[PDB]
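Enquirer: Need coordinates for the following:
(2 chains)
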Amino acid sequence: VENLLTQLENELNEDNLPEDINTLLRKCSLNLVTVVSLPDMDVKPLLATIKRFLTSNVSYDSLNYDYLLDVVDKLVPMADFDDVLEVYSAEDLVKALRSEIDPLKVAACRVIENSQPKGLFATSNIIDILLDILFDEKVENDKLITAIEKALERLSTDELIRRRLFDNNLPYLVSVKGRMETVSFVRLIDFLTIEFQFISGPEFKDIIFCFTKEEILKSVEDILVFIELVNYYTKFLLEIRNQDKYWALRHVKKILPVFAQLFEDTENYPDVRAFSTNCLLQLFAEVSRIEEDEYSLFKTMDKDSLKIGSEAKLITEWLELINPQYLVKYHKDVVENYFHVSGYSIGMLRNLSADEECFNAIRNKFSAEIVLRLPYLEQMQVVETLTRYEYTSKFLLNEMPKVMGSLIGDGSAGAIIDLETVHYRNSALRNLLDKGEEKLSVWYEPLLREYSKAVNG
Amino acid sequence: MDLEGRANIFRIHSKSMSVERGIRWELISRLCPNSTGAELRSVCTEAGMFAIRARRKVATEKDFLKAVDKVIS
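Expert: Numbering: from 1, shown residues only, chains lettered A, B, ... in the order given. The structure is reproduced below:
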């Protein structure tokens, strides 16, 4: 039913526009999603036509633009780009963006997204244009904002396209970063987070990425902006630890201590706390996992602002996010005087047992009795976790005999319709089997069968 | 769903509760990307609670942030 609807549409358009052209697009679109590659046809009599419908200052009632666009968005990527560029020359785009037609804009936006060399228009102004429409506080049409954003994220892979961003627009970016206007500002922040992934050490101007200690304090006046930034940084530190970009740490290491203070100082800056408390803890949990020497930076933020331990209201919170290693060393007394095996602490247990050393501090709170007390649903969650590490498994497989069984036979483990319990239980077996028959002493037989019975049904 | 459907979900699930005009959904949503379609809903219901928790009978944009931070953490 591919080439069938292919021409069924192209022709219904050259007519007087039947009152079902909206339905024809609706379904013919899903057929495209299935079949990956396209036949050996020419996409000129179609795209060169739809372009006429979108560029036409005249609209039609019997035509749901939303669908018509969904078709184009799923056609440009399939067919070769050389043929696409023939319908949309490098100059056509420039006009499509400067036109007063939103539906037309979103079109070229995705045509640029699938530009053959990710550094083709790298020497054009089309890139600066999109950036101009993106940070244009006026533009409310979402379908466009995203279309452009997703278009940049795909081209920002090339080295050239990035230059046209942080070299041919460096002044404009710093500009928007200066106006700091809710709408416009926020759009730049989410953008930066995306670019920091395809950026190297040299091509990195801390004049658009890093924020002055002042800027942060000046955003607190518009919480929406403050929160959006705390998350930006939280992700920034995240991206660093995973992609081993320990070079950036030197930059975003001066402002981190600023957040810690804003968090503590509730008298002045009351908003910050009870208006972004959680999103902040998310950052402190990332700072504790920063690649530094003897946890220098964090060791101070804790001793100065985030006085972990002092506030009980947060004790649980802390032991659920803050690095387990740092906790078992500079706050061992805490992880030792509060973590109690329960469906409630099911959270802490996951983060705390992340470090063999840390675990060996809570392992004294564990006991088959306390575990089998709580309902099955929570048991699987606790068990499954104790099987996410080797040092924890050994424990569950020995010191905890009874529990191990409460995981396999019961008479009809299939009587478990609870999707959640099934998830954890079935998982607690998957990683528990990777232990190998050697280690899994006498539980191998029951496991390989209980898991097999679950994998099938 | 990331083509800013999160924005729509809000707009739609909102016109069934007491909420003042304005409330830039485009931004409120940019604070919940990985939020599976269902998550958006859990925020709205909570948002209204803060408005009640206080006094107002209508939810303001700030009540949503007070919820998103309490939901998506």
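Enquirer: Could you list the contact residues of chain A toward chain B?
Expert: A:140, A:142-143, A:145-146, A:182-183, A:186, A:190, A:223-224, A:227-228, A:231, A:274-279, A:281-282 (C-beta under 8 Å from any C-beta of the partner chain). From N, CA and C alone the C-beta is placed, and that goes for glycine too.
Enquirer: dump the residue contacts of the most centrally placed residue in chain B.
Expert: Nearest to the centroid of the C-alpha atoms of chain B, with distances taken as C-alpha atoms, centre = their mean, sits residue B:44, at 4.1 Å. By C-beta atoms under 8 Å, 6 or more residues apart in numbering or on different chains, residue B:44 lies in contact with B:10, B:13, B:14, B:17, B:64, B:67.
Enquirer: doesn't residue B:27 make contact with the first one?
Expert: Just to be clear, that refers to residue B:10. No - using C-beta atoms under 8 Å, residue B:10 is not in contact with residue B:27; the gap is 10.7 Å.
Enquirer: Chain neighbours aside, what residue packs nearest to residue A:96?
Expert: Nearest non-adjacent residue to residue A:96, counting by C-beta to C-beta, 6 or more residues apart in numbering or on different chains: residue A:108, 3.8 Å away.
Enquirer: just checking, that neighbour touches residue A:88?
Expert: Yes - between residue A:108 and residue A:88 there is a contact under C-beta under 8 Å: 6.5 Å.
Enquirer: hmm, back to that, which secondary structure element is home to the residue nearest to residue A:96?
Expert: Using DSSP states H and E, residue A:108 falls within helix A:102-113.
Enquirer: just the helices in chain B please.
Expert: B:5-14, B:25-30, B:37-54, B:61-71 (DSSP state H).
Enquirer: where does chain B come near chain A, residue by residue?
Expert: That would be B:2-4, B:7, B:24, B:26-27, B:30-31, B:61-62, B:65-66, B:69-70, B:72-73, which are the residues of chain B within reach of chain A (C-beta under 8 Å from any C-beta).
Enquirer: Extract the C-alpha set from stretch A:153-170 and format it as CSV.
Expert: Extracted as CSV, the C-alpha positions of stretch A:153-170 are listed here (Å, rounded to 0.1, in the frame of the first residue of the first chain):
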residue,chain,number,x,y,z
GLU,A,153,21.1,19.5,17.3
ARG,A,154,21.6,17.3,14.2
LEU,A,155,23.9,19.7,12.3
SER,A,156,25.8,20.8,15.4
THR,A,157,27.7,17.5,14.9
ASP,A,158,29.9,18.9,12.2
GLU,A,159,32.9,21.1,13.2
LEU,A,160,32.2,23.8,10.7
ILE,A,161,28.5,24.4,11.6
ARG,A,162,29.6,24.9,15.2
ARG,A,163,32.0,27.7,14.1
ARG,A,164,29.1,29.5,12.4
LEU,A,165,27.5,29.3,15.9
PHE,A,166,30.2,30.2,18.4
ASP,A,167,32.3,32.5,16.0
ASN,A,168,29.9,34.1,13.5
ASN,A,169,27.2,34.6,16.2
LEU,A,170,29.3,34.8,19.4
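Enquirer: now that stretch: how far from the chain's centre is it?
Expert: 21 Å (C-alpha atoms, centre = their mean, to the nearest Å).
Enquirer: in that stretch, what counts as buried?
Expert: Buried residues in stretch A:153-170, counted by 16 or more other C-beta atoms under 10 Å in any protein chain shown: A:154, A:155, A:156, A:158, A:161, A:162, A:163, A:164, A:165, A:166, A:169.
Enquirer: Go ahead and confirm the last one touches residue A:128.
Expert: Same thing as residue A:169. Yes - under the criterion of C-beta under 8 Å, residue A:169 makes contact with residue A:128 at 5.5 Å.
Enquirer: list residues touching both of those two?
Expert: With C-beta under 8 Å, 6+ apart, residue A:169 and residue A:128 have no common neighbours.
Enquirer: Grab the most central residue of chain A for me.
Expert: residue A:235 (9.1 Å).
Enquirer: what sits against that one?
Expert: residue A:193.
Enquirer: quick one: whichever strand or helix holds it to helix B:61-71, angle?
Expert: Here residue A:235, judged by DSSP H and E, is contained in helix A:223-242. Calculated by axes from the mean of the first three to the mean of the last three C-alpha atoms, to 10 degrees, helix A:223-242 forms an angle of 30 degrees with helix B:61-71.
Enquirer: Which is the succeeding secondary structure element to helix A:223-242?
Expert: Sequence order places helix A:256-264 as the next helix or strand after helix A:223-242, per DSSP H and E.
Enquirer: Please state the offset of that following helix from the chain centre?
Expert: On C-alpha atoms, centre = their mean, the centre of helix A:256-264 falls 25 Å from that of its chain.
Enquirer: Which other helices and strands does that helix contact?
Expert: Applying 3 or more C-beta pairs under 8 Å, 6 or more residues apart in numbering or on different chains; DSSP states H and E, one finds that helix A:256-264 makes contact with helix A:213-219, helix A:223-242, helix A:270-273, helix A:277-287, helix A:296-304.
Enquirer: Tell me what angle it forms with helix A:277-287.
Expert: Using the same axes, to 10 degrees: helix A:256-264 against helix A:277-287 is 150 degrees.
Enquirer: CA-only coordinates of helix A:256-264 in PDB, if you can.
Expert: Output of helix A:256-264 as PDB, limited to C-alpha atoms (Å, rounded to 0.1, in the frame of the first residue of the first chain):
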ATOM      1  CA  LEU A 256      29.100  26.100  42.100                       C
ATOM      2  CA  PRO A 257      29.700  27.400  45.700                       C
ATOM      3  CA  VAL A 258      27.300  30.200  44.900                       C
ATOM      4  CA  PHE A 259      24.300  27.800  44.700                       C
ATOM      5  CA  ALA A 260      25.200  26.100  48.000                       C
ATOM      6  CA  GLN A 261      24.900  29.500  49.800                       C
ATOM      7  CA  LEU A 262      21.600  30.500  48.100                       C
ATOM      8  CA  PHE A 263      20.300  27.200  49.300                       C
ATOM      9  CA  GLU A 264      21.300  27.700  52.900                       C
END
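Enquirer: tell me the angle of it relative to helix A:296-304?
Expert: Note on geometry: by the same axes, to 10 degrees, helix A:256-264 and helix A:296-304 are set 20 degrees apart in direction.
Enquirer: contacting residues around helix A:256-264?
Expert: Residues contacting helix A:256-264 (C-beta under 8 Å, 6+ apart): A:213, A:216-217, A:220, A:230, A:233, A:237, A:269, A:272-273, A:277, A:280, A:283-284, A:287, A:297, A:300-301, A:304-307.
Enquirer: ok, back up a step: where do the contact lists of residue A:108 and residue A:88 overlap?
Expert: residue A:96.
Enquirer: thinking again about what came up before, give the contact list for the residue nearest to residue A:96.
Expert: By C-beta under 8 Å, 6+ apart, the neighbours of residue A:108 are A:88, A:92, A:93, A:96, A:97.
Enquirer: do that again at 7 Å, thanks
Expert: A:88, A:93, A:96, A:97 (C-beta atoms under 7 Å, 6 or more residues apart in numbering or on different chains).
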